[PDB]
Amino acid sequence: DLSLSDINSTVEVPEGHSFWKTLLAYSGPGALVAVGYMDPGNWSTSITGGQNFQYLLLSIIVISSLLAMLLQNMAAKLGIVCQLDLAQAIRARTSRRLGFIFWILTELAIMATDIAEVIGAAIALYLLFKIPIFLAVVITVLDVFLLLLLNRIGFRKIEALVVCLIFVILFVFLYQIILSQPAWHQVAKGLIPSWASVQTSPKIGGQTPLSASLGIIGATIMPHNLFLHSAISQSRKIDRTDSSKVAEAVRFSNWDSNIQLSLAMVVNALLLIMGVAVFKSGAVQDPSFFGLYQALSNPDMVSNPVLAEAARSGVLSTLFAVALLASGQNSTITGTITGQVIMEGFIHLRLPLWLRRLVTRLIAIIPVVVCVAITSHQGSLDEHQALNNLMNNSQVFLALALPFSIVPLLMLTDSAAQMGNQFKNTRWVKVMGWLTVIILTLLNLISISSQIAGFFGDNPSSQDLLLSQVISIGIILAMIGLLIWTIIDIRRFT
Ligand SMILES: N=C(N)SCc1cc(Br)cc(CSC(=N)N)c1
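Within each chain the first residue of the written sequence is number 1 and the count goes on from 1 in that order, possibly differing from the entry; residues lacking coordinates are omitted. Calculation of side-chain values draws on the structure's entire complement of heavy atoms; hydrogens and water are dropped beforehand.

X-ray crystallography is the method the PDB entry lists for this structure, together with a resolution of 3.8 Å.

Spelled out as structure tokens, the structure:
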């Protein structure tokens, strides 16, 4: 009847005032969430923003990282304090019908992340092992056995394995930046929160600063990682009777998550400065993973003689495919964990890790294999671009499910009926939290129509444009209705 009954309150080792050694024990939950923020679903958008506004959007990365840290800290606090995950809190403060709606929505969000992971991983297979595109997908489907072997390891090592993957994809891109020898003075200048980023004056590659900046901002949090954090934060036993120990545990999880998400922000910055320093101005014409592979494998695309020699030696691209693999391994873990969390919390369905990963991977690869079928039937022509378009269209479910995950979390963490007058949110975070929640919900409701219209490709059918407008208005109004319903229920609780 409690979240993650298998590893809930497993190891609690806070000894005296030796926080650091204690810090070393529970450092796992942060990495599991951070690694999700390093998925290839936005690798191109970082390199693209870099080429279009070199070292300019680096401050937006920092701000988005700060906001994600804020919301993930709120989720970890809810988990730590109430000894229950966000799904459970929401399902208990709301009817089964809304619980089921949220369940399906977050299933679709984790499935979109899984589609991105499978596409990136199958393409990484294609590139590294030259496995046929269609076989790389059916090979990635074999991650259920990797999950079986992963089940017997334990979180002291599983979370360390996630840290291993994190540093893998981090050093892969830091090595190529070390060889680039970029102008770190312009990097520090970009990291400042300048107003050039919010302006609309430059229009490089049909992308203005305000557009790329707002996209980074709206793309701040991942709804499934909220639930993941509120569930994994309970893996450390807490007495829930000593305010000093619970406030200490809050500091623990905060420092952990902030380290890990800082690692993630550093990875995003590395992607941006990768697009700026490594690649030549506008060299990247194909955002696809294959596009970036050949661009890193073509010496005329780099901006340094050393990088030219290395790219001709065919290393930069291989390290990129490796990072693709390291990033696609994330879903197998976190998607399963978070999906189990959301099932067992929203619909009270106890399923094993066997049939979970199976159904998720199948539903994810269905569209992938359909896309591959259609493109290879047109002759593997634009097959990688079509895969990237699928990857990017999948990301609409995240916009669909984000409010129904952030508004409830903020409400339940601010209410004393859930946290008490001692551990509720400060007046400081009350303002920042609500501001960020409003901003993101607005941006995502906006992006709903953009994505729905992008479903019809870059060919604007006049009759299909009005249909897209109708569908988008309907979806945004339905989300508005669901949001006000959830607000009413939660405020009735509080
Ligand atoms: N890195 C990832 N796996 S998701 C980044 C992200 C998160 C949300 Br939430 C919404 C969007 C789409 S924002 C748009 N419609 N332009 C993107």
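Back to the text.
## Concerning the overall build of the protein
Within the protein, the regular secondary structure consists of 23 helices and zero strands. Against the globule reference of 23 Å for 494 residues, the protein gives a C-alpha radius of gyration of 22 Å, in line with a compact fold. Relative accessibility under 20% of the residue-type maximum defines a buried residue, over 50% an exposed one, and the middle range a partly exposed one, all with a 1.4 Å probe and only protein chains included. Looking at the protein as a whole, 53% of its 494 residues qualify as buried. Each accessible area value is a Shrake-Rupley result obtained with a 1.4 Å probe; residue values ignore everything except the protein chains displayed when judging cover. Accessible area for the protein stands at about 21,800 Å²; split by element, carbon and sulfur atoms hold 66% of it. The way it works is that DSSP assigns letters per residue, a run of H or I at least four long becomes a helix, a run of E at least two long becomes a strand, and they are numbered from the N terminus. The globule rule used here is 2.2 Å times the number of residues to the 0.38 power, and the radius of gyration it is set against is calculated over C-alpha atoms.

## Topic: the site of the ligand
It suffices for a single heavy atom of a residue to lie within 4 Å of a molecule or strand for the residue to be listed as near it. What surrounds the ligand is the set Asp39, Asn42, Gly218, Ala219, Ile221, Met222, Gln395, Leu398, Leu402, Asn444, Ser447 and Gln451. Any pair of N or O atoms that falls within 3.5 Å is considered a polar contact. Within protein, one atom must be able to donate a hydrogen and the other to accept it, and sequence-neighbouring residues count only if both atoms are side-chain atoms. Note that a nitrogen atom of the ligand is positioned 3.2 Å from one of the side-chain N or O atoms of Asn42. Here a nitrogen atom of the ligand and a side-chain polar atom of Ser447 are 3.5 Å apart. Out of a free accessible area of 480 Å², the ligand has 83% covered by protein chains.

## Looking at the side chain of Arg91
Within the secondary structure layout, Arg91 lies in helix α5 (residues 86-92). One buried charged residue, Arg91, forms no salt bridge at all, with the nearest opposite charge on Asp489 at 10 Å. Here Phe346 takes part through its backbone oxygen, which lies 2.9 Å from a polar atom of the side chain of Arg91. Between two residues, a contact is recorded if the distance between any of their heavy atoms is within 4.5 Å. If near-sequence neighbours (up to four positions away) are discounted, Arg91 is found in contact with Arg96, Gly99, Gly345, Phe346 and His348. In summary, the charge assignment counts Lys and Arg as positive and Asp and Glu as negative, without counting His or the chain termini. Here, a salt bridge means any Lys or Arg side-chain nitrogen found within 4 Å of an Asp or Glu carboxyl oxygen.

## Considering a nonpolar patch on the surface
Each patch is built from residues that are more than 30% exposed by relative accessible area and take part in no salt bridge. Like charges join if they lie within 9 Å; nonpolar side chains (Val, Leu, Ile, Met, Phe, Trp, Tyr) join within 5 Å. A contiguous nonpolar patch, built from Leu142, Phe145, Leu148, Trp354, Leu355, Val359, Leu362 and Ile363 and spanning about 730 Å² of accessible area, is present on the exposed surface. Looking at the nonpolar patch, the elements that each hand over two or more residues are α8 (143-151) and α17 (353-377). Counting residues per element, the nonpolar patch draws most heavily on α17, at five residues. By the element assignment, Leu148 lies in helix α8.

## Observations concerning the pattern of salt bridges
If the charged atoms of two oppositely charged side chains come close together, the side chains can form a pair. If you walk through the whole model with that rule in mind, you get ten salt bridges. For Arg361, the salt bridge is made with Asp114, and the minimal N-O distance between the two is 2.5 Å. One end of the pair, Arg361, is in helix α17; the other, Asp114, is in helix α6 (residues 96-129), and 247 residues separate them in sequence. The same class applies to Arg361 as to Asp114, namely buried. Note that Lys245 is salt-bridged to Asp242, the shortest N-O span being 3.2 Å. Within this structure, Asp114, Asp143, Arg357 and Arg361 form a network of salt bridges that share partners.

## Some thoughts on helix α23 (residues 462-493)
Helices are assigned an expected span. That span is 1.5 Å times one less than the residue count. For α23, built from 32 residues, the straight-helix expectation of 46 Å at 1.5 Å per residue is met to within 8% by its first-to-last C-alpha distance of 47 Å. Turning to α23, the residues buried within the fold contact α6, α19 (396-401), α20 (403-414) and α22 (427-454).

## Description of the nonpolar core
The biggest cluster of nonpolar side chains holds 151 residues, and the ones touching the most others in it are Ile119, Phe173, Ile221, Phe279 and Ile406. Ranked by the residues each element gives to this core, the list is headed by helix α13 (residues 243-278), at 17 residues. Setting aside its immediate chain neighbours within four residues, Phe279 contacts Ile47, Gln51, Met274, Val284, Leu292, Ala295, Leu296, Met301 and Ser303. Put simply, a nonpolar core is a bunch of buried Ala, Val, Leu, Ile, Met, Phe, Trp, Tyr and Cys residues held in one set by side-chain atoms that sit within 4.5 Å of each other.

## Structural notes on the packing of helix α9 (residues 155-180) against helix α16 (residues 316-346)
The interhelical angle for the contact between α9 and α16, taken along N-to-C directions, is 150 degrees, at an axis separation of 9 Å. Taken together, α9 and α16 sit at an angle that is classed as roughly antiparallel. Crossing angle aside, the handedness with which α9 passes α16 is left-handed. Note on element contacts: α16 touches α9 through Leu316, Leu319, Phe320, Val322, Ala323, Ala326, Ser327, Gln329, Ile333 and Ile337, opposite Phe155, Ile158, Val162, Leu165, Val168, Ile169, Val172, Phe173, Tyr175 and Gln176. Here the contact of α9 with α16 is composed, by residue class, of 17 nonpolar, three polar and no charged. To obtain an axis, a line is fitted to C-alpha atoms, over the contacting stretch when the element is a helix, and the angle between two such axes runs from 0 to 180 degrees between their N-to-C directions. Angle categories: roughly parallel below 35 degrees, roughly antiparallel above 145, roughly perpendicular from 65 to 115, and oblique for all the rest. Each helix crossing is assigned a hand: it is left-handed if the near helix lies turned anticlockwise from the far helix by less than a right angle, otherwise right-handed if that turn is clockwise. Three categories are distinguished: nonpolar for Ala, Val, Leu, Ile, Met, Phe, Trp, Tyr, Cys and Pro, charged for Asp, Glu, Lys and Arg, and polar for the others, with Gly belonging to the last.

## Considerations on the packing of aromatic side chains
One pair of aromatic rings is described through two measures. These are the centre distance and the angle between the planes. Only centres within 6.5 Å qualify two rings of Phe, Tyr or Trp (six-membered ring in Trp) as a pair; their planes then separate them into stacked at under 30 degrees, edge-to-face at over 60, and tilted for everything else. One pass over the full model with this rule turns up twelve aromatic pairs. Measuring from centroid to centroid gives 6.4 Å for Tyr126 and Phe290, while their planes differ by 70 degrees, and the two rings are edge-to-face. Linking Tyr126 in helix α6 with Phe290 in helix α14 (residues 289-297), this pair joins segments that are 164 residues apart in sequence. By relative accessible area, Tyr126 is classed as partly exposed at 26%.

## Looking at the environment of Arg96
Relative to the elements of secondary structure, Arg96 occurs in helix α6. The spacing of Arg96 and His348 is 252 residues in sequence and 9.8 Å in space, taken between C-alpha atoms.

## Overview of the packing of α6 against α14
Here α6 crosses α14 at 40 degrees, and the two axes come no closer than 10 Å. The two elements α6 and α14 meet at a crossing, and its hand is right-handed. Residues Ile119, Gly120, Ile123, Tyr126 and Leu127 of α6 touch α14, and the partners they reach there are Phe289, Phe290 and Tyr293. Tallied by class, the residues present in the contact of α6 with α14 amount to seven nonpolar, one polar and no charged.

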